[PDB]
Amino acid sequence: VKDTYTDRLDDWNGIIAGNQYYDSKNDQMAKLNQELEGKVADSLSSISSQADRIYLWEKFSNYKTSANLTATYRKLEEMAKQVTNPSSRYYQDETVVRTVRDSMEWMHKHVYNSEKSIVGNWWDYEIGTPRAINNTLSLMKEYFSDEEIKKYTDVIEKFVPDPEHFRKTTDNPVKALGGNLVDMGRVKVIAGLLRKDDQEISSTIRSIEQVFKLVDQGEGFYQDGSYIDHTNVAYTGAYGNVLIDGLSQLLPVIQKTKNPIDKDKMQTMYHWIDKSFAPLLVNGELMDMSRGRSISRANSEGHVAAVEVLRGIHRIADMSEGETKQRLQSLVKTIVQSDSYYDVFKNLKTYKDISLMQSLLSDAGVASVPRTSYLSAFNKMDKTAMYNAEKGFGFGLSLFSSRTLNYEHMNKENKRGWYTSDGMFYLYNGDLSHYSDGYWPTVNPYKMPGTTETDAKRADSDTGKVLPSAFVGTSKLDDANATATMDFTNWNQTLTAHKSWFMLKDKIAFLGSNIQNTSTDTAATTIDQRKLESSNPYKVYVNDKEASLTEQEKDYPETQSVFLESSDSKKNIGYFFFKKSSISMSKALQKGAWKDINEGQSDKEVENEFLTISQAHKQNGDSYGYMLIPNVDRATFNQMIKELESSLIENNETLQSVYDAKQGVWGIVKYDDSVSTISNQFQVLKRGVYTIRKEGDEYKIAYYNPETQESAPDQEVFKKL
């Protein structure tokens, strides 16, 4: 029956596939159509026939493995897309129409119905498979009866009766929040439209409105831009992706139902984009520290993942107007145009998304200006993101605390993420491919960059932990200096370090003190583990003299500096040791498979060359301290390190501070409430984290207490001398 429900389903079809917008002369659209043609051809040649059948596809045949339900139904959705595309060779094809109908009936009677219970992953039973069924029925609604559509969605209502909860049919339900709550909309608003059910539509939209509230605790978006999911995991770049991607699809539909969402109540979306998402996007890449276990998926490296967010923004721009629309278009345009490594179209998977992106890129009225410098202190999820527009590098420094889980290993994914929040850092430079092309399966997981660890073996079966201490966080001065500590203890309480970072505009100081080890394992800090490009070799200098690195580790006692020199200055990396330090270095081919870190991935061997730099800590009370200086040439690095000769103010058990004389900026971390006198100019008075600027005779003060998550009045923490 044609009516206002089917009008909404037509709009949905325009969003999830966009056959109406297909243009055979549009090269990017034709490429996606060809991908879909081949998928459908492969499915048809492969499907089990005879007996009518007995499983549908051998590759997805064990129905106790719940991913096989979703993968099966997704094959049918692909058929529905092509059967309704006038330019497809399968357009209105009699075999395809009957194959979708027969396959729906077979799965209904044998695999997935209201008489079943969840076996394996609840997510397949409540989100993945329901989404695929809904979209199939929506696209092919002119080939199914209303009665058949009810029959094939009754199972969705068995598993997902309540728009406020997931896992309702299990003995242990969960409150629907975050990205999964948006998926609740793609399940229940669409099933409600298919089933002509006003109460389902209205109740589900009411439930989704929760997503617009900023939270003080628990899962969701915070005022400082943090996003938490799975109780206490930093997750903007995976679950937050689902939230923006899914909601941007649903909104044009919801807003034409009887129950539209209020404008002022949707205003929060622009907060997410500017505060939460934008800072985590560097040269088209979505920072891995925000993506949880998704880093272990070969098809979801950081520039691919970023497109989920970008397409969400561009859809939101399209539903906006005027200046808010142009500025959101301009944000997408400049991000895409900055990405010389990844082709955005490779992850635009509907014709309307392709069309919107093409419009944006060709419209000379939409500005594309390089983004300015920023520094986001995501204290509520223990991550920090920094970007310097003048020199063109990004830096990610994010951590964990008593408030947050270190890493997520779940559903057999991210088996070796053990040390990815132990003060791990990321550098985003002119090598846009660095964390891609198989970085995650080939990186040595025992030597994550920046981390101080012992060499004890770790079990793939381990799961994440919280940190004993709450003394973890960042004090930001400006919008562009800002800055951090972590009262670090390792996974088995055998090693400690006071680890601090001093973000000073064009460089970052790394200080570690109080390094202690009660184990018989050896301790060290990985200064770097950098993935190399064979096309762009580094010439390596130690103390400004060329060094030849080998697979075998070589020791360099009395090192003041290390310089990695590229033909491209925007790939150069320097390390300045404030005090001469004993380090070791190697350049080695590292091999691995994605299956090693994610049981569901390919076992094919991958390899990459890495340059590792380490500093051993053989004694209690050991220390490290060095300045990371990117994106300058060798002569300029050599001048800078002379400017910085006395930049290290203190690096002990109670006080760590670095001074940038050129800027007039100090970073300070105090672990106690002693009076600390700094540079014979002022005193700082309380345990916590400081970034201070002298401007003539005045001081600008940024203080943060990471444990109480509070600043303080200037007079409580600072005194000019």
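One is the number of the first residue; the rest follow in order along the sequence. Values below: all heavy atoms of this structure, side chains included; hydrogens, waters and symmetry mates excluded.
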Salt-bridge criterion met for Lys447 and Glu453 (N-O under 4.0 Å):
no

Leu432 CG to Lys570 NZ distance, which is reported to the nearest 0.5 Å
11.5 Å

Between the main-chain N or O of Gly128 and the side-chain N or O of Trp123, is there a donor-acceptor pair closer than 3.5 Å?
no

Compare every heavy atom of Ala385 with every heavy atom of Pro279, then report the nearest pair and how far apart it is.
O-CB, 3.8 Å

Do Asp288 and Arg291 pass the salt bridge (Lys or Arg N to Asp or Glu O under 4.0 Å) test, and can you show the C-alpha distance, the side-chain angles, and the key distance before you say yes or no?
CA-CA 5 Å; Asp288 290 331; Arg291 310 200 300 109; 2.8 Å; yes

Hey, are the side chains of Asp245 and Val309 touching, using non-hydrogen atoms and a 4.5 Å cut-off?
no

Under-4.0 Å salt bridge between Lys349 and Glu35:
yes

For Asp124 and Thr70, run side-chain hydrogen bond (donor to acceptor under 3.5 Å, both in side chains): C-alpha distance rounded to whole Å, both residues' side-chain angles, the deciding distance at 0.1 Å, then the answer.
CA-CA 6 Å; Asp124 286 307; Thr70 60; 3.1 Å; yes

NZ (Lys531) and CH2 (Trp440) are apart, to the nearest 0.5 Å, by 12.0 Å

Side-chain donor-acceptor pair under 3.5 Å between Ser296 and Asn414, yes or no?
no

Between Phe393 and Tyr387, does the ring-ring contact (aromatic ring centres under 6.0 Å, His included) criterion hold? Intermediate values first, please.
CA-CA 6 Å; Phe393 70 88; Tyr387 177 68; 7.8 Å; no

Which is it for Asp462 and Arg458 under the salt bridge (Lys or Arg N to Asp or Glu O under 4.0 Å) test, yes or no, and what are the steps along the way?
CA-CA 8 Å; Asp462 277 18; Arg458 295 297 310 274; 2.9 Å; yes

For the pair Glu308 (side chain) and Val242 (backbone), establish whether a donor and an acceptor sit closer than 3.5 Å, ignoring hydrogens and angles.
no

Among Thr404, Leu399, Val472, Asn406, the one residue meeting side chain to side chain contact (heavy atoms under 4.5 Å, CB included) with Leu467:
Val472

Salt bridge or not for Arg403 and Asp382, using N-O below 4.0 Å?
yes

CG of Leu564 to NZ of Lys539, rounded to nearest 0.5 Å, is 13.0 Å

Run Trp501 and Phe425 through ring-ring contact (aromatic ring centres under 6.0 Å, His included) and show every step you take.
CA-CA 10 Å; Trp501 301 267; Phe425 84 99; 9.4 Å; no

Report the residue from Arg311, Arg315, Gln358, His314 that forms a side chain to side chain donor-acceptor pair (under 3.5 Å) with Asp353.
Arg315

Taking the six-membered ring for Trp, are the ring centroids of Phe60 and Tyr73 within less than 6.0 Å of each other?
no

Taken to the nearest 0.5 Å, the spacing of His303 NE2 from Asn283 CG works out to 7.5 Å

Check the side chains of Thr494 and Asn492 for a donor-acceptor pair under 3.5 angstrom, ignoring hydrogens and angles.
yes

Considering all heavy atoms of both residues, which atom of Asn631 and which atom of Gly392 are nearest to each other, and what is their separation?
ND2-O, 3.1 Å

Give a yes or no on whether a salt bridge exists between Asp343 and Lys346, defined as a side-chain N under 4.0 angstrom from a carboxylate O.
no

Tell me which one of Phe166, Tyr112, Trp122 satisfies ring pair (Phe, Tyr, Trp, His ring centres under 6.0 Å) with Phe159.
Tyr112

Would you check, one step at a time, whether the test side chain to side chain contact (heavy atoms under 4.5 Å, CB included) holds for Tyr538 with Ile573?
CA-CA 10 Å; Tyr538 279 121; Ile573 308 170; 3.9 Å; yes

Determine, step by step, whether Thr236 and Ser290 satisfy the side-chain hydrogen bond (donor to acceptor under 3.5 Å, both in side chains) criterion, reporting the C-alpha distance in whole Å, the side-chain angles of both residues, the deciding distance to 0.1 Å, and the verdict.
CA-CA 5 Å; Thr236 318; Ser290 75; 5.4 Å; no

Any luck finding a side-chain donor-acceptor pair between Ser433 and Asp431 under 3.5 Å?
yes

Start with the C-alpha distance between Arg371 and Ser338, add both sets of side-chain angles, then the distance that settles side chain to side chain contact (heavy atoms under 4.5 Å, CB included), and finish with yes or no.
CA-CA 9 Å; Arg371 308 207 355 246; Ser338 80; over 6 Å; no

Spacing of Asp437 atom CG and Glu607 atom CD [to the nearest 0.5 Å]
12.5 Å

Taken to the nearest 0.5 Å, the spacing of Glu408 CD from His230 NE2 works out to 5.5 Å

With a 4.0 Å cut-off on N to O distance, would you call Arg74 and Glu78 a salt bridge?
no

Regarding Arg297 and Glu413, does a basic nitrogen lie under 4.0 Å from an acidic carboxylate oxygen?
yes

Quick one: are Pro630 and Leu427 in side-chain contact, heavy atoms under 4.5 Å?
yes

Can you spot which of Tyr222, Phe221, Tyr227, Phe277 makes a ring pair (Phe, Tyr, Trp, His ring centres under 6.0 Å) with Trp272?
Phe221

Closest heavy-atom contact between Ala305 and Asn241?
O-ND2, 3.2 Å

Flag the pair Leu495 / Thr454 as yes when at least one side-chain heavy-atom distance between them is below 4.5 Å, and no otherwise.
yes

So, does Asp455 use its side chain to make a donor-acceptor pair with the main chain of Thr522 at under 3.5 Å?
yes

